[PDB]
Amino acid sequence: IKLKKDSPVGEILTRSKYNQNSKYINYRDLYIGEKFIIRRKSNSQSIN
Amino acid sequence: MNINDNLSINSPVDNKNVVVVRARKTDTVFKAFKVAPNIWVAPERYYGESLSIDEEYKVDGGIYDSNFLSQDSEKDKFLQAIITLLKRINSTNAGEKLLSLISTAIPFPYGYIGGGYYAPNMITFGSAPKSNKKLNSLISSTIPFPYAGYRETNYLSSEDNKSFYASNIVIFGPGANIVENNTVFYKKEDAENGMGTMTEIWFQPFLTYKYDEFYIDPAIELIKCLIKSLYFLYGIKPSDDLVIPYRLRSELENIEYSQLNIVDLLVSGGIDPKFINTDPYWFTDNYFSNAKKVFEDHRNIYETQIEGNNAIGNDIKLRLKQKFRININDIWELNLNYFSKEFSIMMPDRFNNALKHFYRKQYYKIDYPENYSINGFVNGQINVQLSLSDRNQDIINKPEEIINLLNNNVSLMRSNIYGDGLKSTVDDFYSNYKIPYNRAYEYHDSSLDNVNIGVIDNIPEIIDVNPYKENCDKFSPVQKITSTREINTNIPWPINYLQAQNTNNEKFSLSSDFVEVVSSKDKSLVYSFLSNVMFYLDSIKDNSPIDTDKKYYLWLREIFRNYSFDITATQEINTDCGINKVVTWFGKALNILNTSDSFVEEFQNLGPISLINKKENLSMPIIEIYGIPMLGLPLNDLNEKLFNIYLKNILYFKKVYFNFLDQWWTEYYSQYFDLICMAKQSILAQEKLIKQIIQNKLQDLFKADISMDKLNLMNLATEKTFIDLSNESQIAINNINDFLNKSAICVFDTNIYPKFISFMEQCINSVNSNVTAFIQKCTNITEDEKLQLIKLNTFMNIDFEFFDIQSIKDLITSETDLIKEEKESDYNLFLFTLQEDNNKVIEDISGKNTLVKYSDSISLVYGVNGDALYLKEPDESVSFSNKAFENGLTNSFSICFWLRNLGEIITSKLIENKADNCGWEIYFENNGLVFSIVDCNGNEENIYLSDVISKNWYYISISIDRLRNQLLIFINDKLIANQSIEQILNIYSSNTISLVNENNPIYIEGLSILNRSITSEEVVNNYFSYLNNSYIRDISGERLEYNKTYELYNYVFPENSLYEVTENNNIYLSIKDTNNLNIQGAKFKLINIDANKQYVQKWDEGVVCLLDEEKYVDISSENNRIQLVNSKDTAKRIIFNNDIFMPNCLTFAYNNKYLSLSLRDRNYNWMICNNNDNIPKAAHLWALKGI
């Protein structure tokens, strides 16, 4: 998912891949997209 | 794409959608109906093949009839069937994409009459009239002279040879052989040279066949034909000599192979293509390179020449664009597996091109607006009711081999073994095939993505067609004669045993002596391996004849139990690849290792290889490992070159491994699949005999003094028992399937992989020698550096070790297996409730689609885990309807739900399935439940489950297992009742389970009915996992909530409530003394940081408030006890938790220190923050009761 420039809806984009120098190694990048964070709702549990 | 469904055989010939064209350049014409752009249907039979072939030329397993599709009614039915199939294909997105690609993939048109696809000539027309001063001779209009002159080859010519209609696909009827779908090109030269050609399809939509436990959808056969036609449309058709080894003919006495064309392998799908389409490729031919080059040439011709031409039409220019949008690899990587997955259609998955040899097909007739539809088969692919076609008697049977079991020279038995029907080669393909080194040395479900339905639909139809004179060649039918050898043997074959297990009489008797069965002059003995059933029948022999209904019920139950025990007999042994459940009776049926002792003993002592009769079929492929080419280079360049050589050699080793895997699949797994098929035939034969014996007994008992109603009860019970016998046969079938699949994987592990390791060790020796020689010939590097380099480029054994049992288990599992796994459910009813937003929905999500009828007075609450039905209004009812709920004599089931009664003590009905007298029911009584089951003979079983009081959750699980004659009843996580129901007989009841309230507000949660019995371990697991939902509960079982008056109890003392004690000007709370039991307990409340939270959860910080001065809990660091203060800020924030195995009990923690009860102290027990182990670990568990 990537945040759209105009619409307030995340658009779906195809992940990149590795085609730099080696055909023996293939994968897709995972550090792409928007950086999500998670926050508490009521702060009722233990801070520790 | 939109299929023209408004056509019929009575429609007039309008020369636009209904035409009468000429078949090739013969003297015969045929009608044709256009159902889509460039897609036509010819409802008559094919014209090329004569409908009356000589008897010596009929093929094995083919229905030959020269009267099919002769009347107009049959032709109209055929046309409607093809329309329905096309519409069904078009419904799914993938089918629509395939149809659009078929429509838009016109054969490549030729050039102009002089050659070329560039601009045409020009002509000036219409000179303006002469003016008063100017001649105006050159004032005219210039137009392209041969406009749209590209001479297309895809056209049908009318009977007058003056009108031409563009067309890509013509769907004829079947040729000489009724059940034979075929796909034939229009011109071979234009089909093999990248140009393209018209395609004709012979299709039979009216006859299907059954495989395993499902019927073949004809839509998938049509899809396969269309995919094969796509090969001709694009011109990528390999030569007929490009074949692959498909199967090893193990039934023969000579080493012969049955081979398949690469087109059929690439289109048919299944598991076979997975053993050739491998990364990296081990099988490569010049065909792929030539096809890619020719396709690229034609794409360039379009892009550079036929694209910018403004004097050709967009009817061709824009279809050629869409045709060349896709790549060739898209067509090659398009098989039946993708459409099977996207359509959820189960299809034969192993050796689907050789199903003629494995078993004989039975054909079922299809009435299209009765059985098929826009959504496919009615009532699914399994539960569709199709009548057996009357043409099954006309199936011609020409065996490939005749096995004669000679006695001592008299033929005791004569059996037929049929052939695959493919091309047979005696030359070993693998030994004469060389794995290429410099070819396919790279590369270490998404193919129809470049097809746009809307873009194809926007193309205008082709109206004006410029003919090409020579677009057809001829049709020469392939006439072949089937040879039949005869093999005389003394040792019986598995086919001989399989035949002996079949009889045509109706007064037979089971026998364990094969020789006696085949030597019986009366032909009254039938071979069977059911030792239990035979023993029981011999035991009851010479006894009182069965005349009463109880006697017949007992006999039927015993027969079913013995059959189930016999067909499901397996023994778990430890094999090299894990644990294998060997089928014990596999030696008796299909005589194999049937010398003496037990089959399992011989199987363990020997290997799995001994099951098949043709071992050691391996052959070393021709290996071409070229040595390294000696120009000087620095260290880095030499290192890079050697690394590249290393990677290439590793990939070559993997290619050889894949070749050996394909050898194992072709030569070894084929025999194991043959064993699987024969075992399935044996199981089915034994099931048929048991059913026939039961039918004989029932029909002989119809001539007795039994009332009619009891006779209908017998018939219903016998039908249910037949369903149960089918279920047991399916269990045995998949048991033997797993056994033999694991056996085949084990035989690869322990019989083929070592040979591959030996061969590649021998090869790696030479590879390392050559590498060392090359690295020593060079002299541009140092000595230590050279030693490091040569040590770095070495080939140990681990380099060429690629075995992975999980990669072979996951390689022989098809999409059909995944569909079966997804559709396999052990639930006859799995009720699911969903509140949504102001619209509650209660429905069965088990996949069996039980009819749920409920009133609007019911509510949905949160009882335990998810929403639960709440019946507060008196006299409510919820009905669940399903056929399987009718029960019967022999079927195991189980009811499982959560119950909470809010009442207080008369007998109120809770769950009923009582049809008049017979049935079963659960109802409240006194202060507990009662489960009563009664049969149709007067026998009753009433079980009183005590200690079920109101305002408490209970997990009721009742299991009836009729294979064990056992009735188990669990409440929560404790077995309550374990009874024997051997005295209980047929309990046939209504098809509706009724849940009532009877003036009692009740919570019912997760009501579930299974089709099998449950064990204690599974019940305990379900009970404990259902409560593991991060919610802290009270002693009542309901969710614990903040701000509620609660009484405190300790687990050690489940009846003493903590009460306030004042001493030394300090107030604590403590257990009540034995002399003071009437003192009222303390009232507690839980306060959280956020007042919005209402329900307590695991790991929640809170404060306990005691109900006049609003006391709060504090911990005194003088005696390490608790005390009560009058300041909220002085309270302690304690953490609430609970143990998974003590659900209705909770623990209070304070910096990793649980609060517990102290030892006795002058008739007191204070809550204290313990750190010592002398207090039992069960003393820190507390309970809160809603007061």
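If you're matching them up, the sequences are chains F and V in order.
Be aware that the first sequence starts at 514, since it is given in my numbering, and climbs by one per residue.
Be aware that the second sequence starts at 6, since it is given in my numbering, and climbs by one per residue.
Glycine residues also receive a C-beta, built at the ideal position from the N, C-alpha and C atoms.
Suppose you measure from the CA of residue i to the CA of residue j; what does that come to, to the nearest Å?
i                 : j                 : result
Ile551 (chain F)  : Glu1043 (chain V) : 31 Å
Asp1113 (chain V) : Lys1090 (chain V) : 13 Å
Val1118 (chain V) : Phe1146 (chain V) : 27 Å
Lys80 (chain V)   : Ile88 (chain V)   : 12 Å
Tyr949 (chain V)  : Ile938 (chain V)  : 12 Å
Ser886 (chain V)  : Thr818 (chain V)  : 36 Å
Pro465 (chain V)  : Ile331 (chain V)  : 20 Å
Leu341 (chain V)  : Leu231 (chain V)  : 11 Å
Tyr115 (chain V)  : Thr158 (chain V)  : 8 Å
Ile976 (chain V)  : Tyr959 (chain V)  : 7 Å
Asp478 (chain V)  : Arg27 (chain V)   : 14 Å
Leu730 (chain V)  : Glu692 (chain V)  : 7 Å
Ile407 (chain V)  : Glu491 (chain V)  : 5 Å
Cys941 (chain V)  : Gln988 (chain V)  : 12 Å
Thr1067 (chain V) : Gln984 (chain V)  : 55 Å
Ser994 (chain V)  : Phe208 (chain V)  : 47 Å
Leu339 (chain V)  : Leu325 (chain V)  : 20 Å
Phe513 (chain V)  : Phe805 (chain V)  : 59 Å
Name the two residues that bound the continuous alpha helix (DSSP H) containing residue i.
i                : result
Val538 (chain V) : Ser536 to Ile545
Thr755 (chain V) : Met713 to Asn756
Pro223 (chain V) : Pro223 to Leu238
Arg419 (chain V) : No alpha helix (DSSP H) holds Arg419 (chain V); the beta strand (DSSP E) holding it covers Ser416 to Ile422.
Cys941 (chain V) : No alpha helix (DSSP H) contains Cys941 (chain V), which DSSP labels as neither H nor E.
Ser273 (chain V) : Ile267 to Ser273
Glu891 (chain V) : Premise fails: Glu891 (chain V) is in no alpha helix (DSSP H) and is neither H nor E.
Rounded to the nearest angstrom, how far is the Cβ of residue i from that of residue j, given a contact under 8 Å?
i                 : j                 : result
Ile107 (chain V)  : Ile44 (chain V)   : 7 Å
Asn896 (chain V)  : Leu718 (chain V)  : With a Cβ gap of about 15 Å, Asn896 (chain V) and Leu718 (chain V) do not count as contacting.
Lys1098 (chain V) : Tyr1051 (chain V) : So it is not a contact: roughly 16 Å between Cβ atoms.
Exposed or buried, which one is residue i when buried takes at least 16 other CB atoms within 10 Å?
i                 : result
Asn641 (chain V)  : exposed
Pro42 (chain V)   : buried
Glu521 (chain V)  : exposed
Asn585 (chain V)  : buried
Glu820 (chain V)  : buried
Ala1096 (chain V) : exposed
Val522 (chain F)  : exposed
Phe130 (chain V)  : exposed
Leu636 (chain V)  : exposed
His362 (chain V)  : buried
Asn1002 (chain V) : buried
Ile336 (chain V)  : buried
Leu1162 (chain V) : buried
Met713 (chain V)  : exposed
Just curious, the beta strand (DSSP E) that residue i is in, first and last residue?
i                 : result
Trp45 (chain V)   : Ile44 to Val46
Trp1187 (chain V) : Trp1187 to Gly1191
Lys517 (chain F)  : No beta strand (DSSP E) holds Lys517 (chain F); DSSP gives it neither H nor E.
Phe807 (chain V)  : Note, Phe807 (chain V): premise wrong, no beta strand (DSSP E); not H, not E.
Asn833 (chain V)  : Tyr832 to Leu839
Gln1128 (chain V) : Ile1127 to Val1130
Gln576 (chain V)  : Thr575 to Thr580
Open item on the list: Taking contact to mean 3 or more Cβ pairs, one atom from each stretch, closer than 8 Å, check whether the region 1137-1144 of chain V and the region 1097-1109 of chain V are in contact.
Closed with: The region 1137-1144 of chain V is in contact with the region 1097-1109 of chain V.
- [ ] Could you name the residues of the region 458-469 of chain V whose beta carbon sits closer than 9 Å to any beta carbon of chain A, in the order they occur along the chain?
- [x] No chain A is present in this structure, whose protein chains are F and V.
Open item on the list: Three or more C-beta pairs under 8 Å: does that hold for the region 642-657 of chain V against the region 544-560 of chain V?
Closed with: no
Task: Three or more C-beta pairs below 8 Å linking the region 363-380 of chain V and the region 250-261 of chain V - done: no
Open item on the list: When you compare the region 864-879 of chain V with the region 1003-1018 of chain V, are there three or more beta-carbon pairs, one atom per stretch, that lie closer than 8 Å?
Closed with: yes
TODO: Spell out a yes or no on whether the region 131-150 of chain V and the region 166-174 of chain V are touching, meaning 3 or more CB-CB pairs, one atom from each, closer than 8 Å.
DONE: no
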